[PDB]
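Novice: Following this message is one structure expressed as structure tokens.
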Number of protein chains: 2
Amino acid sequence: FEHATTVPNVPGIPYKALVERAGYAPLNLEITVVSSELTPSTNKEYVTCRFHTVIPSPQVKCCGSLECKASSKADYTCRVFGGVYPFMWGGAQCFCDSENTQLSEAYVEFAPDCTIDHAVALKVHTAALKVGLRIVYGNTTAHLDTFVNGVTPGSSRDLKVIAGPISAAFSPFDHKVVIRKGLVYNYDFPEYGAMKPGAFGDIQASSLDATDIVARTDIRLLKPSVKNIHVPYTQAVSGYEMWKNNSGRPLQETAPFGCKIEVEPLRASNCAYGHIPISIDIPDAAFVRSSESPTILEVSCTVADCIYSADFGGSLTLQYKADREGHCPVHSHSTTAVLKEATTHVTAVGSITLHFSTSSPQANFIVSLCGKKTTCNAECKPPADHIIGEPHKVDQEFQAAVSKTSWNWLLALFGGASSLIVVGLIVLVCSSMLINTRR
Amino acid sequence: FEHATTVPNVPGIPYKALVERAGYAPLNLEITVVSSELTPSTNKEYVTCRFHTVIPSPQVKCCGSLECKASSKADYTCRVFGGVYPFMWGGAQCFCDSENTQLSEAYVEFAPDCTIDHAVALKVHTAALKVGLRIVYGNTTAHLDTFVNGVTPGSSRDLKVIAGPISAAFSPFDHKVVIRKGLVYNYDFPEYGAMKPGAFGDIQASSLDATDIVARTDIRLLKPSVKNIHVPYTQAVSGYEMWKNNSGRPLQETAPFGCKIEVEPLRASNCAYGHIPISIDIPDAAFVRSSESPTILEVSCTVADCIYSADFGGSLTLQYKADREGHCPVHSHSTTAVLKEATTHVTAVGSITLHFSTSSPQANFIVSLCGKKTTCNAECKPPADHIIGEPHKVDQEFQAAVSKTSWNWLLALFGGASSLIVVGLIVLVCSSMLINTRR
């Protein structure tokens, strides 16, 4: 027996259903999304951090002439200066003081502490949703993990479940993401090679230990002026530090739909949105024919005080006549009414107290016990409490929250105009026909 | 001095231009796409190969009953059977002829040869193009590698180039790709976990040696039926072999635009399509004032026999009168004409014979020598050969790819009708005027 439902993607909130086989007793089913993991596919564009600007020791030709040779270091910069005549401790490191060419060399690398403090740039793609699910049918329960795509099945030893696709796809991540010490930022970054001094990614590499480090930090050498040997230079501030100062709040604190952004691997956990269509192939052994479970004769519903709060703020009683002691499942067949309990011991003759939650000001919902139904009609007051730390267990339906008094008044006011226009038309027709007869 | 051009993305075919700063002599710029690789953003989803069906040794509880457990191994399959009464070599392996419960266990792993003979399933997205470009300006030639996106720059010691964005976006790879031994296939494969037995991807894993292998080979065990011990079983045929047999042609032999597909990393080299905009800031040292380069007093053009084709089949002669001996650049500003030479020696007065190629039936193209123009008009016949092993160096237009004789005939036959209609309107107006005046 294959049963298909549309379970709301709301972790921690059970969904109750009643499989109603044609020739067998109905069986209870409860569906609990224990966990969900929306994980995208990531590729490491590069890793950036506070660059260490390393300046190799300057070299001086005595009074000959040096030349700048091209290298492959990150933002390699080299310059030639004329007569310098450097001083160290005696004060003359070079003879022939004129034409005293000096070479100034500088480049950048990764700082020693970058092994931990570093930002990884990623491009995220279409994200697949995986849900951990607990299903309990009748007396037997099972745990499983499935992929929400509509093709990937889940198998638990008798149970075959097909989940998905999601009704409305959503990915909190933009096209491009940055990861720093577990903090996620949806901040666009320059592409590989497209580097900008003073901005994020002002030093890029494929790995911390990778030797193909590429840098463009806008470093320029300056002519030395003091007698003592030293190479001056100027350089733009670390754009990584600038981004860190102006990083903004991480995605953990601004991801919509209230869900935890985790790393290693990048993913979003317990993240409620839309619905999942799930089809379960219940094993035939679970069912039992209606001749075994007692079938009640007649049942009546008396609704107690009801409040359409976010919790089980309603109660009712079911008075039943039956043939034998049993364990009937109890269900609510309305979309704006849920029940705390799914099954109950049932005697031959008696009554049972039940609890329920709703969201409309009116209750007009169908309860059912060992298959057979009964309407319950009631008026519910607004909830006394303003705020609860518990999510709403149902959703108010389109124009189903209109109370009986409001319905009566609105229908009366519209029907007044409707009656007025029809009597106007019949009066007009009567006058026209009267004139035609007496014309 | 920034000069912007639209270089056609065609490897091996030079693009020639003339930069004309107002107060300085013109300079010749040859721009040659030596190499160009388009690499997409890639991420490994899983690998697959022909499963090795590993079937552990059976166990018999010799006078009792066992229970099958559960494990996380790839496609863990286990079954329990009743009395078996197995034989080894002697004639007996259990007493208790009844109640000889047996356990059959089986699963799948990667075959030892899968370390090389395996397929990798990838998901690709928008691809950035990288161009290796040789630029010759004046008397200086330089080589560069850059990303054609309009922001990523390139620099060669005085040259400063910004290329992109590509005019037309194109990637020869569909959203899902497969790689096997360097052969690239544009195949749609099952998603991670969306595993169908008997087809490609029947086994998946994130790495060859990973222990978290997921597998679904549709393995079903049978009750042993012979006296001797064994574990009968049937299994779906390896879908990897089925895809190998029905792999079709690889993407190397189907990629359009003649794009050579290479692996490690996956990319397409020498992929000619569209045009790339390039802005080059030429160093000020190359330019020279007009007073130094010999300005030519005048020029006359005489075009010899020509055929519009890909090769340099057309020829012309320039009679030049000048004042000093120099090295003028020669250019064609027409879109449908290119020159073999870009810099030619010039004397006080003389003749120079040049070669050129075009694509129009008639050459109506303007040549320029040290900035001074000449509208070369000619009449090119269709070529002799049908097929050349050399690409066309000029695009085919519509406003110019029509013979002047056909232009004249078409215009005459279309203007005859216009003349007829205007004389018709004139005679109608004359008749109206005559009947109005004479009424």
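Identifiers in the structure tokens: chain A, B, ... in order shown; residue index from 1 per chain; ligand index from 1 in order shown.
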With a distance threshold of 6 Å and counting only C-alpha atoms, extract the residues of chain A near chain B and express them as a ChimeraX atom specification.
Specialist: /A:43,151-152,194
Novice: Keeping only N, CA and C atoms, write those residues as a PDB file, in the first residue's frame.
Specialist:
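The resulting file, part-v4.pdb, is reproduced below:
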ATOM      1  N   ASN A  43      33.554  24.712  -4.500  1.00  0.00           N
ATOM      2  CA  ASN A  43      34.871  24.580  -5.110  1.00  0.00           C
ATOM      3  C   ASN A  43      35.742  25.713  -4.595  1.00  0.00           C
ATOM      4  N   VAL A 151      13.504  11.093  -6.631  1.00  0.00           N
ATOM      5  CA  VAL A 151      14.020   9.887  -7.269  1.00  0.00           C
ATOM      6  C   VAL A 151      14.816   9.034  -6.287  1.00  0.00           C
ATOM      7  N   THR A 152      15.602   9.668  -5.426  1.00  0.00           N
ATOM      8  CA  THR A 152      16.393   8.928  -4.450  1.00  0.00           C
ATOM      9  C   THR A 152      15.466   8.282  -3.426  1.00  0.00           C
ATOM     10  N   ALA A 194      41.966  38.634 -10.920  1.00  0.00           N
ATOM     11  CA  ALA A 194      41.374  39.963 -11.074  1.00  0.00           C
ATOM     12  C   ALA A 194      41.585  40.801  -9.813  1.00  0.00           C
TER      13      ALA A 194
END
Novice: What residues in segment 161-400 of chain A get the DSSP label helix (DSSP H, G or I)? Please answer as a tab-separated table (two decimals) with C-alpha atoms, in the first residue's frame.
Specialist:
chain	number	residue	atom	x	y	z
A	239	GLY	CA	42.63	44.55	1.95
A	240	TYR	CA	42.02	41.39	3.96
A	241	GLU	CA	42.21	43.48	7.13
A	242	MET	CA	39.92	46.09	5.58
A	243	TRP	CA	37.34	43.41	4.76
A	244	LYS	CA	37.70	42.00	8.28
A	245	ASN	CA	36.96	45.42	9.77
A	251	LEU	CA	25.29	34.63	7.58
A	252	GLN	CA	24.70	32.71	10.82
A	253	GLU	CA	22.87	35.80	12.13
Novice: How many Å separate atom CA of residue 377 of chain A from atom CA of residue 335 of chain A?
Specialist: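 One can read the atom CA of residue 377 of chain A to atom CA of residue 335 of chain A distance as 14.8 Å.
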Novice: So which one's closest to residue 315 of chain B, B:255, B:378, B:349, B:430? Using only C-alpha atoms, please.
Specialist: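 Among the listed residues, the smallest separation from residue 315 of chain B belongs to B:378.
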Novice: Can you pull out every residue within 10 Å of residue 281 of chain B, counting only C-alpha atoms, but drop anything in the same chain fewer than 2 positions away, and send it as an MDAnalysis selection string?
Specialist: chainID B and resid 1:4 155 158:162 279 283:284
Novice: I need the strand (DSSP E) residues of segment 286-406 of chain A per DSSP on the backbone, written as a PyMOL selection string.
Specialist: chain A and resi 298-306+314-321+330-332+337-339+349-358+362-369+372-379
Novice: Using only C-alpha atoms, which protein or nucleic acid residues come within 8 Å of residue 297 of chain B? Drop anything in the same chain fewer than 6 positions from it, and give the result as an MDAnalysis selection string.
Specialist: chainID B and resid 320:323
Novice: Neighbouring residues of residue 332 of chain A were defined as those with any atom within 8 Å, considering only C-alpha atoms; residues of the same chain fewer than 5 positions away were excluded. Please report them as a list in words.
Specialist: residues 337, 338, 339, 365, 366, 367 and 368 of chain A
